[PDB]
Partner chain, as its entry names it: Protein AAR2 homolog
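The chain below stands alone and is given as structure tokens, in the form deposited without the partner chain.
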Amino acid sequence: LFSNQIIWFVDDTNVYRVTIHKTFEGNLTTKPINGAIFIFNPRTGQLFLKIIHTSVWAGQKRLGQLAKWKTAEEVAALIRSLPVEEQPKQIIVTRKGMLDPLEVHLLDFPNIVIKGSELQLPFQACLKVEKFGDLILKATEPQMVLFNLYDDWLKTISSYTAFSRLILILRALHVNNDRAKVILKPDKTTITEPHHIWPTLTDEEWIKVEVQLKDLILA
């Protein structure tokens, strides 16, 4: 994974989202709510969060399929906004339905390798982190927001270690949100700094939480 080339993971799982509701009359309303594309560099921790506002869906059917194409369009748009030296060499999609849309949208980038993955990388778990959930829910138009999902970790640990820690966090949040959040608050004094995503923990605290997160996923 960590060679000498820029790699992005692309997750489209959360682009088309709805809430469903049984009306007093007994019919089902399906109302789209804002979604997001997660585009993630595992070496640097850089996350490009493309917020997808509900206005993009129109007198449109099959929004689930259309969402894959909108994702591809947005990934290509991002690539075109970046200098060549910042463009990815490889794009790894978390769902196989993204392969063909991306192939078609990146024809002008013949050197980019597009591939699928069997990895469990639930960026959907970020929707359960207030910082992301609220930002997405409250958006009134599309926008892209940059985040550093590794906070200050890279000052003292490797990219490999940071990536593993992040995946454990996301997967644990995915499988049992309540228990994961307890695990990530090991002390009464535990805080998350305003510009950070994750709690400020000592090295010893991280060791224990990483084991506990892993155990939670196995359970």
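Note that the rigid core is defined as the largest set of C-alphas that superpose within 1.5 Å between two forms. Numbering follows the first chain given and starts at 1.
Omitted from view is the form solved in complex with the partner chain, to which the following refers.
Peer 1: Taking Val18, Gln65 and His105 as a possible spot, do all three reach the partner chain in the deposited complex with a heavy atom inside 4.5 Å?
Peer 2: So, yes: the whole triplet contacts the partner chain.
Peer 1: Would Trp69 count as touching the partner chain in the deposited complex under a 4.5 Å heavy atom rule?
Peer 2: Although the partner chain is absent here, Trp69 would touch it in the deposited complex, with heavy atoms inside 4.5 Å.
Peer 1: Does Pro142 reach the partner chain in the deposited complex, with heavy atoms at most 4.5 Å apart?
Peer 2: Heavy-atom contact with the partner chain at 4.5 Å: absent for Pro142.
Peer 1: At 4.5 Å between heavy atoms, is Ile33 in contact with the partner chain in the deposited complex?
Peer 2: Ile33: yes, in contact with the partner chain in the deposited complex.
Peer 1: Would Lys131 count as touching the partner chain in the deposited complex under a 4.5 Å heavy atom rule?
Peer 2: No.
Peer 1: Just one of 69 to 77, 114 to 122, 84 to 92, 143 to 151 has heavy atoms within 4.5 Å of the partner chain in the deposited complex; which?
Peer 2: This holds for exactly one stretch, 69 to 77.
Peer 1: Going by heavy atoms, what in 123 to 149 lies within 4.5 angstroms of the partner chain in the deposited complex?
Peer 2: Read in sequence order, the lone residue that approaches the partner chain (within 4.5 Å, in the deposited complex) is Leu137.
Peer 1: Which one of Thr29, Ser158, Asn177, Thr190 is the only residue whose C-alpha moves by 2 Å or more between the shown form and the other one, after superposing on the core?
Peer 2: It is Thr29; the other listed residues stay below 2 Å.
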